[PDB]
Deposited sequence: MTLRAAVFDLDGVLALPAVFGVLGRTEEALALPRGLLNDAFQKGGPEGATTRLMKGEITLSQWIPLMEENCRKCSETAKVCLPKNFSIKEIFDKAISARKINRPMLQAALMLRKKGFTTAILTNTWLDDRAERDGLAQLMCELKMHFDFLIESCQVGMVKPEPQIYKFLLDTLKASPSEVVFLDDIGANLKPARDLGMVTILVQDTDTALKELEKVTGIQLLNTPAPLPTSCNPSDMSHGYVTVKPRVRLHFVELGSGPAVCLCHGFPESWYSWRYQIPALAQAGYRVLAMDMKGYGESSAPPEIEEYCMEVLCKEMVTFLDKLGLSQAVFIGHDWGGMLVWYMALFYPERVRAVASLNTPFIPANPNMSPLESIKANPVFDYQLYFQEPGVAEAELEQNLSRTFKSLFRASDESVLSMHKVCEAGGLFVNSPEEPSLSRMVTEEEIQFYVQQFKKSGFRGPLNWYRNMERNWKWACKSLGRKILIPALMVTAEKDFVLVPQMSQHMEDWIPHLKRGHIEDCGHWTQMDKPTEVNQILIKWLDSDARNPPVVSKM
């Protein structure tokens, strides 16, 4: 019968209960028990805290009014107050001490995944403190995981007045019988019970989740760790920068702080960072996920020379210039990783830090040319198959769904065959209708299909068709070293970019930091998104934030 779940903020989704600081303060100050509690609610409906919770006055207006109530309550009890006694100090400490109750949030997220309409209903205030930013970030991180956020000070009503419960029901578009409400204050549950809604008194989280488990018939406690938050493309800010007369770069932007530019590889998208973008922004960074030249909404000129590393790096610099960014952290994967290494070698002043996933830094060989080596090692036969313009394009564009369902697979799910050139292509003995890998949903696959409908594989494959050009350019840097903060991350089950091709990188990057991910294939971002986020946020906070 249940179809919606409503969660209180203080003491339910956030701990410790800021309301509970009043008790701990009395004890720590040797004050009469409940003295600070009575000052908080002195007056009831006609009181200052109700005017605060209703939006009639701001928090900074209310602070001097609570102090007066504290002095009038200490008078009737015949007790003096301390000297440094400061309501602002106490509430500042309490608000910043309050953190998200992760197991409770997980239960709500899980209920939303199974089709529940979730919402937050809380008695809160208009925060105009000098430190209001702290609570703003907390509410932002919580907001995105719920369908509705009902704040008392924004609707002019407070719990337990039954009008706010009637307001929640009209917002939910549900009857009381199909709604469960959780709160840490029993008074706030009676009106709800009176309307007939399922109610849960939240004292300890595990017991409440056990009750919620029973009424919903859905496992919420001890459930597996969920994947990090992903992106909905239509919920993102989309940015467009013309770096050149007929070349425009498209990117997705999220968060504030130092700029972090994410560069995907072949044949991918900004969407390949869907599991990193929210996490990195949440960690205190301004994330710019890019559609690399030739991909998605970025321009895809047909000329091969438009995709040599020198031109791509130049354009990334112009991208920073047009955006007003003097520096950015560059994080790349696969071909994007190759791009960021040479960004650090040719434009160090514009690179705050550089990190690569899977892609090692191998200095060019001034003797042998890349075309000689790709033939001297038949393992790179597919790169020879990619050379002839139009050939690989036809195979990859023939059935886009089949293409990405065949490529985006874990290391235990390989469905592709062998030498590619003299076989006929990449999909010669390959399923025409491959099964769905466990790393991706059918919807995520269809997003890639729709992106690559715009320009096809000409631009992306052109990245492979400047071997000699890039080699001559790279040889100009053979005397340099990378001395800015750098991070290399290797994946064990990556068979195209094996972790041993990175073993000599310290020769050219002495202070290079490393990270390793076990049981991880080539598509690192979606294979092990949780581990990637930890390795990157740890390195950013230690080497990029300064």
## Note on the structure
Counting from 1 along the deposited sequence, the ranges with no C-alpha atoms are 1, 419, 549-555
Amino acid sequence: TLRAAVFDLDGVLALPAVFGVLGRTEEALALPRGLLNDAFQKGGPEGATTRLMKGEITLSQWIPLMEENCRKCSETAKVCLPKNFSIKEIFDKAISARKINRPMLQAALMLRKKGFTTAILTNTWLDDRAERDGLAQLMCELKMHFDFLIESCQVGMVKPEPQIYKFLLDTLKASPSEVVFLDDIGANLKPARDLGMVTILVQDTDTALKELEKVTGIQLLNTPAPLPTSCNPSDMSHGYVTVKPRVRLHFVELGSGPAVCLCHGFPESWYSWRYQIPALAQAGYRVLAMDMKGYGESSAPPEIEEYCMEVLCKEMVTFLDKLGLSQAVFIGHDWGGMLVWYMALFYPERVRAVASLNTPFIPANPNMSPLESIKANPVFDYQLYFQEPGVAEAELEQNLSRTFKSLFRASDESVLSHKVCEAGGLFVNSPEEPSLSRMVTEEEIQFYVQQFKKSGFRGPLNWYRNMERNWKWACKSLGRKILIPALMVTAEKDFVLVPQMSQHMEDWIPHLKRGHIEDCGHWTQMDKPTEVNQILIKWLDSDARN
From here on, numbers count along this sequence of modelled residues.
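Each form is matched to the other, and the largest set of C-alpha atoms that superpose within 1.5 Å is called the rigid core.
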### Task
Please indicate which stretch deviates more in 9 other deposited structures of this protein: 380-388 or 100-108, judged by C-alpha RMS distance after a core superposition?
380-388
### Query
Is the larger C-alpha RMS shift in 9 other deposited structures of this protein, relative to this form with the rigid core superposed, found in 436-444 or in 408-416?
408-416
### Query
Per the entry, where is the mean C-alpha temperature factor higher: 248-256 or 200-208?
200-208
### Query
Which is higher in the entry, the mean Cα B factor of 317-325 or that of 191-199?
191-199
### Residue selected from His264, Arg286, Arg102, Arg98 by maximal Cα B factor
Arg98
### Summary
Among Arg112, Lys453, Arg469, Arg402, the highest C-alpha B-factor in the PDB entry belongs to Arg112
### Query
By its CA B factor, does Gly20 count among the lowest, middle or highest third of the modelled residues in the chain?
highest
### Query
Can you tell me which third, lowest, middle or highest, the CA B-factor of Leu483 falls into for its chain?
middle
### Assigned third (lowest, middle, highest) for the C-alpha B factor of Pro460
lowest
### Task
Would you mind ranking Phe181 by its C-alpha B-factor against the rest of the chain and naming the third, lowest, middle or highest?
middle
### Query
Once the chain's modelled residues are ordered by C-alpha B factor and cut into thirds, is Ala353 in the lowest, middle or highest one?
lowest
